[PDB]
Structure formats: C-alpha cells, structure tokens
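First comes one chain, alone, set out as structure tokens in the form deposited in one PDB entry.
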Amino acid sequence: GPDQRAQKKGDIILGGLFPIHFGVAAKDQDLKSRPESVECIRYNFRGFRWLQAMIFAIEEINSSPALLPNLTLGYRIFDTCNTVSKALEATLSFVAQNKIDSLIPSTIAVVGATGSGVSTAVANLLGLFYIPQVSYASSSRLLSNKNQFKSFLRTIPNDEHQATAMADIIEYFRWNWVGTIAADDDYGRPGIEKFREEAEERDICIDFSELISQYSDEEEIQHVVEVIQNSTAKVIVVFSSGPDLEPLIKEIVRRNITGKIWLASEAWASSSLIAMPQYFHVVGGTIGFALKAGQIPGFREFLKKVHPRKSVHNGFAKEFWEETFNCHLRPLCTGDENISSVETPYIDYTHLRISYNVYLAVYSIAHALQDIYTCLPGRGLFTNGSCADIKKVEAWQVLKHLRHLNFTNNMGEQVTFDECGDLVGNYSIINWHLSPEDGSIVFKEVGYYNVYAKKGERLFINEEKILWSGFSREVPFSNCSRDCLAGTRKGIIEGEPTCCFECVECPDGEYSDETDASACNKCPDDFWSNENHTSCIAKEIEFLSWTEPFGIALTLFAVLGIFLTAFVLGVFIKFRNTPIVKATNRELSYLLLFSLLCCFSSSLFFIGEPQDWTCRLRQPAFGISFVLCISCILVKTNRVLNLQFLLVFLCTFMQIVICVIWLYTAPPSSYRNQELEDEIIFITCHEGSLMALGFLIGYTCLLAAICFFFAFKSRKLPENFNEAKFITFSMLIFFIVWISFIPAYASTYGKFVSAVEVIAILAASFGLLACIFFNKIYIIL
C-alpha cells in the first residue's frame, strides 16, 4: 500500500484508517500523461491524535497481562486524507491474502474510517471478505443496513437521534421557519432527510434546502449564499463536516452575513476548520452537538512522548513534527523541540470524544479476541458449540464474537453492539462562545440530549448559559409571520407554506380570543362581538322600562290621570244632591269615570317589560274601557237628543266578543326581535291576528263616528249646561290624537312604540275627561 504508514508486527494485525490529512490536492487530472498518486495537503492534527489513540490502546492491551495473554497485537494504519481512493488502496492492502484466495500480514479487523462515504466504500470491500470493521466516527444510518454491510460496527451513535434532537431544539425555542444545509455525501443527505421528516411532523417549515461540498464551484457557493441571504429565516440546520462546510463559511464571511443562528451537527460542531476567531461574527453563538467525553488515563503523556526518531513504528510522526514546528528533518530542526511550546489540536484539547471512540473500538476488537481466547470447549458460538482457535483465528470468527460483545469500560459502562452494530450514546449540547483572555472560540456546554429518556423528555437546555450570535441574551425570532393578537384570524398566502400567513381582523359579530386563531369563532345567538373582536359581549335588551326616566314620566302622567278621575268621582259622590250632577245621568257618570280609570290602567300596561299576558291584555283593556266610555257618552247624547245600560252593555259586549274571539284564536305573544339591530334585542309583541286589530279599532272608531255624528246633529242645543258641544270636542280630540299618531306608529319599531301608545291613550282619556267633567267642575268650582 502507501509508503507513509504506521506498521507494527504481531500475532494479530489490526487495520487502521485515519484522516491524517484533511483532503487531497484539488485539481482536474488532464489525462494527457499517466496519472500519479494524488497528494493530500492540509495536515489534520486531530486525526493524528486519533491514530495515536489507536496505537496507545494497542500498546496498553499488549502491556496488560489480563487481556490477551501471550498474544501480541500489531497494526497497519494508513492515511485516508478523507478520500475514498486512498482508503480503498489501504483496504486493498488489507485484503491481499483474501484477494489471493478469492481471485503481507493478514488483517483481522479494521478501525475506521471517519467519513461515512469513505466508510461505506471501505465496508463494501471488507464485508466482501467478512473482515470486521469498527468505525469511530462514521454515523450515517445507511451503514446500519446489514444486508449491504455485513461486517460493519460502530462505536459512535447513529445519526437519527441527532436529527431528532435538532427538531426538538427547534421546537424548544419556538421556531417554525428554518433553513437547511447538508453536505452532499452519505453523512449530510440521510441526516437532513431525517431532520426534514422530524421537522414536518413537528409543524416546522423549512424555507430552503441546499447541498454543499468541499469541491463545490464558485457558482454553487454563490447560489447557496444568495439563497441564505434571500430568506427571512435566521436558524440554519447544517449537517456537514468541517472540510465540506469550509468554502460556504468562507464566502459568508467575505460577504459578512451576520444574524444567522447555526445549528451544528456533531461533525462540525467542534471543528477547528470552522471555529476560528476571524469567523466569529458569522459563526459565533453556534449551537451544536458533541459526543459523550471519555477518559483515557495516560494518553496525554503518550501523546507528549511523540518523536520522529523514537517513533520508529509510526511513520506519520515525521510530518507531524515538520508541521508542528514548521521545520524540516524551511529551517532545519534538531528534533529537541517541545510539543507543549506549540498550540495545535494535538494537545490543545479538553475532551476526548472521537479519540475515546477509537480507544473503544480497539478495546472492543481486543475483547472479542479475548472471548475467543477464553472460550470453553463446549460453549462456543460456532457450529456444535465449538470454539475458534486463537492461534489460527479468522476474521469472520472475530466478527461473530463482536456481534455478541458485552464488556465493561475503564469508565465502568457496558459496551454492546445491536443487530445493526450501533452503539447508542448520549449527546451534549454546546454553544460557541468567545474567550475574553485569548480570543479563541470556546465550546460551552449548555445542555444535553438523553437518548435513553422517553420522547419529549430527552432534551435539556440551560438557556441562561446561551449567548445568541455570541453576545446576545435574547432568543432570536425565526418565525415566518408574526403571531398577531386576538381579534384577528390567520389566512392563507398563495404559493407559501402554512407557517407564513396573513391575519385579517374578525368580521362583525365574530370573536377571536386566541393568538394564532385559524378561524373567527361566532358569538352565540344572544351575544355580539366586542369592539376589537377580542371577546364577546351580551346583546343589550331594550324595551320601555319602569325605572328609565321616560317610563317614569309616563307612569306619573298615568297616576295623575287616575288621581284626577278619582277627584272628579269623589266630587260627584259627595255632592250628588246638587242640581248640576242630577241633570246628567249620575249612574252613567260613575260608569264613565270607572271606564276612564280602566283606560288609565290599560295605559299602565304598555309600560314595562313585555310578557305573554301583558301583550295579551294591552289592546283589549283599552278597547273595552274606551268602548264603554264612548257608549256612556252615546246614551247621554241620546237622552240629550235602564235602556241606557242596555245600550252600553250591547256595545261593550260586541267589542268584548271580538276580543274573546281573537284571544281564543291567536293570542298576542312577546318576541325578541333581533334583525332590526344587530347589537340590540328589541323585546316587543306580535299581535297575532292583524285583521283582529283592524276589527277592534274599526269598532271603536265606528262607535266613535256614530257618537260624533249624533253629537254634531245636536251641537247647538243647550242642555245639561250644553254638554253636547263638549262631547263633540272630546270626540274630535280623540280623532285628532289617534289620526295624528299614525306617522308615529308607522315604521317606528323600537322601545318608542309603547311610548307612543301610552301617550295616545293618555291624551285621548284626558281630553274626554276634561271635556265631559271639567265644565261641571267649573260650575261647582
């Protein structure tokens, strides 16, 4: 394989795949000359630390007598440069003896790779030969498919939980308008698809979805930047690694776009390529995910013991030395430099997360080998309970024992792989802060995601520790439309997702008391809308009331009429012996005064809240009383022109028969009219039979016409102090009053119709009383 390698000899050989370089020289091969091996350029100190973690774990296993006694573990580790081609050359180097026996030391297991696409490409070849491959950083769900990848296992948790956690985070901060960026590889696309599913099931709308790569052209990056700028959303979920996101972040920094709230996947939430101070105005305040940190005692000293000459087995130490001190072995370096003197990710780390994954992968392979070594003859996992010979062990046997692995960590936790080869683990939630002393970016832990917890309780966040955009304490607004107040209702904007709405105020008569009201709820039948439609208020019920001032005035006038009638009646009764009261029919005078009292009592009926009996006894009472009084006047005129009682009885009986008829057929009834005024309910009365009202007033006015005619025929005659002209005057007053209020009765449907009726009754009764009796009162004085 490649010349640059870390090789050690042993009984069992472990393969190693690490990204010692971030990527390869970006150039299009001309194919004019024979193509040579591409050279990867940017040194990755963190990847070299991962390689050192693998070597340290192997050395610790070799030193420990408890684990794999009398057996020596060796390694063959190559640099992938985050590239499929280099990893495939290394894998072809691994499977040389398998290829010879299908178409150099034998490779029992392989550790790696980092990238999910690289791991998929390597896993195809490795599972072709059933060589177990335990990856430390590849987290794509596509690798969980065991039909495709038979020998692939993971010490890193699967990516589905991370997308669910991002959806939970967006829900927690109450956002529904977000953008998505994904790396165009096996890491970005499945994760972003899972996030899209989880966001749509949480009613979260995604404005844009874009794909990026480290090989994206200038036009693609410009298009993505334009899409980001053109959007209102400021929360962008990014599923990518450092190298695949670096060009986009660089272009955003050049254009200097600030205000975006970045949600970071684990691959770049701790990336040194993205977390640099000069990008902090763009990427500051980023909220991202980190793996659970682990402890590897003695690892730091082993890292500090690195040396070009002393590390003879590790061939990558040469370039690490040359890149750390910028020397060559460009100034020549003696080799006596100090690692602690230079600040690189190699030593400048706080938590071991992927390095712990490498350590766990190596120890998992070692524990599988130990389970093979300690297998009791009749209790094996293979056919008939047989056990593999550790001296002549085969890769498929180690894979079989890895599928059944259960071992305790140095941290006292149980490591197991499921049917998909996944190792579930918690997440920590970090926020990108700026250091005051140094100015570098500090990853402050602000929360966690508990995968073991049930749905809805997995997320915990300390929002007080969060600095939005790196400096702000207020949660930013990332909704498409403002949640407008009550009294309004949401409405569709064509061609736009449901999260974006225009809210129109409620229609008159409909109320909305809730923010984000889908529709304006209607008020009930007896209620109406508020002034701003933020509530519902009872409809005002209106009629002619007793306590209201005008009803009081009408009642006082009715009582005054009753008092005057009683006064005249008392004057007549106490002084019945005088010739003046003897001239007129004093019995008929008493009956007429009683009729006037009944008339005023009937006038009292119209005032007040309408009721069934009240509307049933308003027209009939006045009709009876006024027919009776006109009949008494009629018999007085006929005397002027026993039997008089018979005539008044005949008239009152005809009128009361009419009344009984139309009260038996169709009683008047109280009804709550609601169509005249929307806000106001009019309590009024249905007559029931309108032709009955015609008959009633026709009879009253016909008896009136007869009385007026007979009084006119004898107007000039002086008798009983010429009462004929007074009768004529009272009756013409009756006709003036009742004709004059026809405009009043016409179309004035409200609380004032009862007032008009009361005033008409009072006027007619007062005119009759005055004309009949006030002349006699003047005579008596």
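When you see a residue number, it is the position in the sequence shown, counting from 1. Rigid core: the largest C-alpha set superposing within 1.5 Å between the two forms.
Legend entry - Gap size between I104 and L103, counted in deposited residues that the entry leaves unmodelled: In the deposited sequence, 10 or more residues between these two have no coordinates.
Legend entry - Unresolved deposited residues in the interval that joins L650 and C651: Gap between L650 and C651: none, chain continuous.
FYI, the form deposited in another entry isn't displayed, but the following is about it.
Inset, instruction - Have a look at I296, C685, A121, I249 and give me the residue whose C-alpha moves 2 Å or more between this form and the one not shown, with the fit done on the rigid core. - result: Shifted by 2 Å or more: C685 only.
Inset, instruction - Compare the position of the CA of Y187 between this form and the one not shown after a rigid core fit and state whether the shift reaches 2 Å. - result: No, the C-alpha moves less than 2 Å.
Inset, instruction - Compare the position of the CA of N145 between this form and the one not shown after a rigid core fit and state whether the shift reaches 2 Å. - result: Result for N145: no, shift under 2 Å.
Legend entry - Core-aligned C-alpha movement of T578 between this form and the one not shown, 2 Å or more: Superposed on the core, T578 moves its C-alpha 2 Å or more between this form and the one not shown.
Inset, instruction - Please say whether the CA atoms of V581 and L628 come closer or move farther apart in that other deposited form, knowing the change relative to this form is 3 Å or more. - result: Here the pair is closer than in that other deposited form; there, farther apart.
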